[PDB]
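S.K.: Attaching a single structure in structure tokens format; questions to follow.
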Amino acid sequence: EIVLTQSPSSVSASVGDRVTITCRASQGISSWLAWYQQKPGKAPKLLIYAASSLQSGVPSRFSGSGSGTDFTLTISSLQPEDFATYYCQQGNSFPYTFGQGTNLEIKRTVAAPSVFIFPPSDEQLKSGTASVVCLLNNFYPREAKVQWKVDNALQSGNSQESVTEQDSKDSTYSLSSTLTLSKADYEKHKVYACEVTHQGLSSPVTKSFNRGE
Amino acid sequence: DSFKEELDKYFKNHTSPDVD
Amino acid sequence: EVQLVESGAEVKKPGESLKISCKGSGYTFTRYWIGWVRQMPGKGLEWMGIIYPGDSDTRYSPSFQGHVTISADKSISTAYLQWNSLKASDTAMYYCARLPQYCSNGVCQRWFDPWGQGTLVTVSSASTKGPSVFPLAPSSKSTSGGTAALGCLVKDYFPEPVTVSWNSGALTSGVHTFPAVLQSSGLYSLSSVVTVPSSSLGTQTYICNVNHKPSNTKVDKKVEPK
Ligand code: NA
Ligand code: NA
Ligand code: NA
Ligand code: NA
Ligand code: NA
Ligand code: NA
Ligand code: NA
Ligand code: NA
Ligand code: NA
Ligand code: NA
């Protein structure tokens with residue numbers, strides 16, 4: 001199949017910025033490339049078809065170009081409603097295919113996370129399970145790493161992570177990491193620690209507790 | 001109306017009526 | 001205005017049958033190809049097939065031929081996506097879309113406009129279940145400035161969604177309610193947290209209000225330090 005590769009995967013920009021996104025096709029598709037915009041929860045919307053044709057009702061600040069294998073979407077001056085995920089799609093030959101999408105997010109200054117660790121509550125332990133929670137609050141950029149250690153032993157396959165969307169007022173992210181243990185495995189160890197790596201921190205920050213103290 | 005069905009067959013492989 | 005309207009969200013168990021629908025209006029349905037696209041949670045768009053409602057000629061993607069059937073009823077301007085035996089790997093948002101085309105000498109090229117609002121499909125062994133709500137208590141060592149963090153862990157529920165409020169809606173500032181994660185058990189889980197002044201603890205009461213409409217559960221948990 002014709003694979004479409006979009007680059008970069010994410011763009012960081014502010015209102016008024018000029019932004020360009022690219023779509024590379026693995027075989028030639030002449031001019032039959034379309035671009036869509038999609039906001040979370042919502043259906044995609046057509047912006048441009050046949051590489052450069054503006055869809056009626058879409059503003060001319062969106063413009064597409066290219067032919068053959070290399071295509072570009074350009075937003076001349078970003079508006080607040082433009083923050084979204086963008087997809088390219090070729091309609092030249094079956095099967096129809098889409099690029100993997102480019103996320104356009106809001107740029108701001110670097111902000112380190114405030115880190116918090118929560119032991120399992122007594123209410124949860126009474127119920128037979130144990131969840132340790134580590135909170136990374138109000139940080140930018142998005143990239144962040146959380147490492148769990150139990151009595152200085154690195155944990156793996158043991159945790160799940162979740163990240164909010166960009167906060168509507170300060171454009172930060174927050175992240176939660178939950179370590180799930182059985183209550184009996186939890187009572188086998190003393191020190192539980194969350195270790196956080198992020199560009200806003202010159203060295204990793206650890207938050208820890210001793211079970212039961 | 002038989003006019004309807006023939007037009008259906010036409011636009012299966014001709015440019016759609018709203019594409020300019 | 002051209003419009004495609006799709007059917008309501010479905011929660012199904014693996015192996016069951018499912019038919020979902022896409023009704024067109026504002027155009028002559030039998031004069032445009034109609035397509036289906038799958039979008040798995042947190043992923044991109046995958047083309048599944050197309051149908052011409054004039055004569056129900058279909059063309060499937062190789063990745064979906066066999067497991068899904070595309071059909072249409074031109075008498076009611078409706079297209080369909082149908083499965084005989086759902087798999088949990090079918091859990092996704094499904095979109096239909098009209099495919100306008102340009103053609104020269106019988107050779108046609110297509111794009112998608114407009115798109116339906118989408119039909120959410122969740123396929124799981126799990127059965128409906130209300131969440132347990134556990135406090136995430138602020139520690140005595142509230143030293144991130146004079147700012148403390150506290151929250152509620154909303155665990156082991158099915159299906160999506162819950163909603164979470166704080167202090168019955170009087171507390172919104174600094175609330176972050178994370179997206180749910182699906183645990184290996186088949187049940188969902190999320191946390192909601194909030195940051196408040198360190199000196200407010202004990203002076204001020206904090207209660208999270210959790211609502212799981214699929215199982216008619218309302219839960220309030222007071223969140224107290226120590
Ligand atoms: Na900027
Ligand atoms: Na959208
Ligand atoms: Na092809
Ligand atoms: Na800053
Ligand atoms: Na976990
Ligand atoms: Na989590
Ligand atoms: Na794709
Ligand atoms: Na085909
Ligand atoms: Na079927
Ligand atoms: Na599927």
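By order in the structure tokens, chains are A, B, ...; within a chain, residues start at 1; ligands start at 1, following the order shown.
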Which residues of chain A are close to chain C, meaning at most 6 Å apart when you count only C-alpha atoms, and how do they look as JSON, numbers by chain?
M.R.: {"A": [43, 91, 92, 95, 100, 164]}
S.K.: Please dump the current selection as a PDB file, in the first residue's frame; keep N, CA, C and O atoms.
M.R.:
ATOM      1  N   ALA A  43     -15.557  14.782  14.565  1.00  0.00           N
ATOM      2  CA  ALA A  43     -15.267  14.198  13.263  1.00  0.00           C
ATOM      3  C   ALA A  43     -14.234  15.041  12.501  1.00  0.00           C
ATOM      4  O   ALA A  43     -14.166  16.263  12.675  1.00  0.00           O
ATOM      5  N   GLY A  91      -6.059   9.673  -2.420  1.00  0.00           N
ATOM      6  CA  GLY A  91      -7.216   9.086  -3.077  1.00  0.00           C
ATOM      7  C   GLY A  91      -6.906   8.686  -4.507  1.00  0.00           C
ATOM      8  O   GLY A  91      -7.790   8.631  -5.372  1.00  0.00           O
ATOM      9  N   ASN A  92      -5.633   8.388  -4.756  1.00  0.00           N
ATOM     10  CA  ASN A  92      -5.171   8.068  -6.097  1.00  0.00           C
ATOM     11  C   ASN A  92      -5.394   6.619  -6.479  1.00  0.00           C
ATOM     12  O   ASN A  92      -5.574   6.325  -7.670  1.00  0.00           O
ATOM     13  N   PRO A  95      -5.596   0.441  -1.680  1.00  0.00           N
ATOM     14  CA  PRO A  95      -6.497   0.986  -0.655  1.00  0.00           C
ATOM     15  C   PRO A  95      -6.196   2.459  -0.362  1.00  0.00           C
ATOM     16  O   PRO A  95      -5.037   2.879  -0.398  1.00  0.00           O
ATOM     17  N   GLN A 100      -0.186   9.428   9.521  1.00  0.00           N
ATOM     18  CA  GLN A 100      -0.432   9.122  10.931  1.00  0.00           C
ATOM     19  C   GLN A 100      -0.877  10.333  11.747  1.00  0.00           C
ATOM     20  O   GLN A 100      -1.219  10.169  12.921  1.00  0.00           O
ATOM     21  N   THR A 164      -3.598  14.852  30.798  1.00  0.00           N
ATOM     22  CA  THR A 164      -4.696  15.738  30.420  1.00  0.00           C
ATOM     23  C   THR A 164      -4.378  16.437  29.097  1.00  0.00           C
ATOM     24  O   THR A 164      -3.265  16.357  28.577  1.00  0.00           O
TER      25      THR A 164
END
S.K.: Residues of chain A within 12 Å of chain B, counting only C-alpha atoms, what are they? List them as an NGL selection string.
M.R.: :A and (49-50 or 53-56)
S.K.: Determine the nearest neighbour of ligand 5 from the options A:60, A:20, A:197, A:131, counting only C-alpha atoms and all ligand atoms.
M.R.: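 The shortest atom-to-atom distance to ligand 5 comes from A:131.
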S.K.: For atom CA of residue C:205 and atom CA of residue A:167, quote the distance in Å rounded to one decimal.
M.R.: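 So the answer is 24.9 Å.
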S.K.: List the neighbours of residue A:191 out to 12 Å using only C-alpha atoms; skip same-chain residues closer than 6 positions along the sequence, and give me the result as a PyMOL selection string.
M.R.: chain A and resi 117+119+132+148-153+206-213
S.K.: Could you write out the selected residues, including C-alpha atoms, as a PDB file, in the first residue's frame?
M.R.:
ATOM      1  CA  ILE A 117       3.122  10.868  45.661  1.00  0.00           C
ATOM      2  CA  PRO A 119       0.218   5.913  49.155  1.00  0.00           C
ATOM      3  CA  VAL A 132       0.281   4.076  44.467  1.00  0.00           C
ATOM      4  CA  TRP A 148       8.887   3.764  39.842  1.00  0.00           C
ATOM      5  CA  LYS A 149      11.253   2.187  42.364  1.00  0.00           C
ATOM      6  CA  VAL A 150      10.309  -0.187  45.185  1.00  0.00           C
ATOM      7  CA  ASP A 151      13.105  -0.583  47.764  1.00  0.00           C
ATOM      8  CA  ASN A 152      15.481   0.816  45.116  1.00  0.00           C
ATOM      9  CA  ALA A 153      14.393  -1.766  42.493  1.00  0.00           C
ATOM     10  CA  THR A 206      12.211  11.945  43.560  1.00  0.00           C
ATOM     11  CA  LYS A 207       9.204  11.799  45.885  1.00  0.00           C
ATOM     12  CA  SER A 208       8.979   8.805  48.187  1.00  0.00           C
ATOM     13  CA  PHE A 209       7.259   7.410  51.249  1.00  0.00           C
ATOM     14  CA  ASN A 210       7.859   4.611  53.744  1.00  0.00           C
ATOM     15  CA  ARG A 211       4.957   2.197  53.970  1.00  0.00           C
ATOM     16  CA  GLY A 212       2.939   2.994  57.035  1.00  0.00           C
ATOM     17  CA  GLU A 213       4.803   5.889  58.504  1.00  0.00           C
TER      18      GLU A 213
END
S.K.: Using only C-alpha atoms and all ligand atoms, what does the table of chain A residues within 10 Å of ligand 1 look like, with each row giving the shortest atom pair and its distance in Å to one decimal, sorted by chain and ascending number, as a tab-separated table?
M.R.:
residue	atom	partner	partner_atom_place_in_ligand_line	distance
A:12	CA	ligand 1	1 (Na)	7.5
A:13	CA	ligand 1	1 (Na)	5.1
A:14	CA	ligand 1	1 (Na)	4.5
A:15	CA	ligand 1	1 (Na)	7.8
A:16	CA	ligand 1	1 (Na)	8.9
A:17	CA	ligand 1	1 (Na)	7.3
A:106	CA	ligand 1	1 (Na)	7.7
A:107	CA	ligand 1	1 (Na)	5.0
A:108	CA	ligand 1	1 (Na)	6.1
A:109	CA	ligand 1	1 (Na)	8.3
S.K.: Identify every residue of chain C that has at least one atom within 10 Å of any atom of chain B, counting only C-alpha atoms, and report the result as number ranges by chain.
M.R.: C: 27-33, 52-55, 57, 99-110
S.K.: Select from chain A everything DSSP, run on the backbone, classes as strand (DSSP E or B), then give the selection as a PyMOL selection string.
M.R.: chain A and resi 4-7+10-13+19-25+33-38+45-49+53-54+62-67+70-75+85-90+97-98+102-106+111+114-118+129-140+145-150+153-154+159-163+173-182+191-197+205-210
S.K.: As a compact mmCIF listing (two decimals) with N, CA, C and O atoms, in the first residue's frame, please: every protein or nucleic acid residue near ligand 10 (cut-off 7 Å, counting only C-alpha atoms and all ligand atoms).
M.R.:
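What landed in out33.txt:
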# COMPACT_ATOMS: atom_id res chain seq x y z
N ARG C 38 -12.32 3.61 10.40
CA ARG C 38 -12.17 3.23 11.80
C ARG C 38 -11.10 4.11 12.44
O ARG C 38 -10.09 4.44 11.81
N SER C 89 -11.01 -6.27 19.76
CA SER C 89 -10.19 -5.45 18.88
C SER C 89 -11.01 -4.60 17.91
O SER C 89 -10.42 -3.83 17.15
N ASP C 90 -12.34 -4.72 17.90
CA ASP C 90 -13.19 -3.81 17.13
C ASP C 90 -13.53 -2.54 17.90
O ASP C 90 -14.16 -1.64 17.33
N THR C 91 -13.14 -2.44 19.16
CA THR C 91 -13.44 -1.26 19.97
C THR C 91 -12.81 -0.03 19.33
O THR C 91 -11.58 0.07 19.23
S.K.: For the alpha helix (DSSP H) assignment from backbone DSSP, which residues of chain B qualify? Please present them as a PyMOL selection string.
M.R.: chain B and resi 2-10
S.K.: To one decimal place, how far is atom CA of residue C:128 from atom CA of residue C:211 in Å?
M.R.: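 Computing it gives 13.9 Å between the two atoms.
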S.K.: Compute the set of protein, DNA and RNA residues whose minimum atom distance to ligand 9 is at most 6 Å, using only C-alpha atoms and all ligand atoms, and state it as a short mmCIF file (atom, residue, chain, number, x, y, z; two decimals) with N, CA, C and O atoms, in the first residue's frame.
M.R.:
data_model
loop_
_atom_site.label_atom_id
_atom_site.label_comp_id
_atom_site.auth_asym_id
_atom_site.auth_seq_id
_atom_site.Cartn_x
_atom_site.Cartn_y
_atom_site.Cartn_z
N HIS C 67 -14.40 -9.66 7.72
CA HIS C 67 -14.93 -9.47 9.06
C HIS C 67 -16.08 -8.49 9.13
O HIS C 67 -16.89 -8.53 10.04
N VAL C 68 -16.17 -7.62 8.14
CA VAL C 68 -17.22 -6.62 8.13
C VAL C 68 -17.97 -6.56 6.79
O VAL C 68 -17.40 -6.83 5.75
N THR C 69 -19.25 -6.25 6.84
CA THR C 69 -20.06 -6.14 5.62
C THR C 69 -20.60 -4.73 5.50
O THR C 69 -21.21 -4.20 6.44
N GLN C 82 -21.77 -3.66 9.20
CA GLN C 82 -22.24 -4.79 9.99
C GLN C 82 -21.23 -5.88 10.32
O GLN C 82 -20.46 -6.28 9.48
N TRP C 83 -21.27 -6.39 11.54
CA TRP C 83 -20.39 -7.46 11.95
C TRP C 83 -21.22 -8.64 12.41
O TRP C 83 -22.23 -8.41 13.08
N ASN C 84 -20.83 -9.88 12.06
CA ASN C 84 -21.53 -11.07 12.55
C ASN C 84 -21.01 -11.50 13.92
O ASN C 84 -21.77 -12.08 14.71
#
S.K.: Mind running chain A against ligand 7 at 12 Å and telling me each contacting residue's nearest atom pair with the distance in Å (one decimal), counting only C-alpha atoms and all ligand atoms, chain and number ascending, as CSV?
M.R.:
residue,atom,partner,partner_atom_place_in_ligand_line,distance
A:1,CA,ligand 7,1 (Na),10.9
A:2,CA,ligand 7,1 (Na),10.5
A:3,CA,ligand 7,1 (Na),8.6
A:4,CA,ligand 7,1 (Na),8.5
A:5,CA,ligand 7,1 (Na),10.0
A:6,CA,ligand 7,1 (Na),11.1
A:87,CA,ligand 7,1 (Na),9.2
A:88,CA,ligand 7,1 (Na),9.6
A:89,CA,ligand 7,1 (Na),8.8
A:90,CA,ligand 7,1 (Na),10.8
A:95,CA,ligand 7,1 (Na),10.6
A:96,CA,ligand 7,1 (Na),9.0
A:97,CA,ligand 7,1 (Na),5.8
A:98,CA,ligand 7,1 (Na),4.6
A:99,CA,ligand 7,1 (Na),5.9
A:100,CA,ligand 7,1 (Na),5.8
A:101,CA,ligand 7,1 (Na),8.7
S.K.: Got time to write the residues from that selection, C-alpha atoms, as a JSON list (two decimals), in the first residue's frame?
M.R.:
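After the write, selection-v3.json holds the following:
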[["chain", "number", "residue", "atom", "x", "y", "z"],
["A", 1, "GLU", "CA", 0.00, 0.00, 0.00],
["A", 2, "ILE", "CA", 0.92, 3.62, -0.33],
["A", 3, "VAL", "CA", 2.29, 4.67, 3.03],
["A", 4, "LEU", "CA", 2.01, 8.38, 3.88],
["A", 5, "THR", "CA", 4.53, 9.66, 6.43],
["A", 6, "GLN", "CA", 3.79, 12.97, 8.17],
["A", 87, "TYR", "CA", -4.18, 14.25, 8.61],
["A", 88, "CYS", "CA", -3.20, 13.81, 4.96],
["A", 89, "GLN", "CA", -4.99, 11.23, 2.76],
["A", 90, "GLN", "CA", -4.32, 9.90, -0.74],
["A", 95, "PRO", "CA", -6.50, 0.99, -0.66],
["A", 96, "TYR", "CA", -7.04, 4.60, 0.37],
["A", 97, "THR", "CA", -4.60, 5.59, 3.10],
["A", 98, "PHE", "CA", -3.99, 8.33, 5.66],
["A", 99, "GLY", "CA", -0.85, 9.71, 7.21],
["A", 100, "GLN", "CA", -0.43, 9.12, 10.93],
["A", 101, "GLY", "CA", -1.36, 12.70, 11.89]]
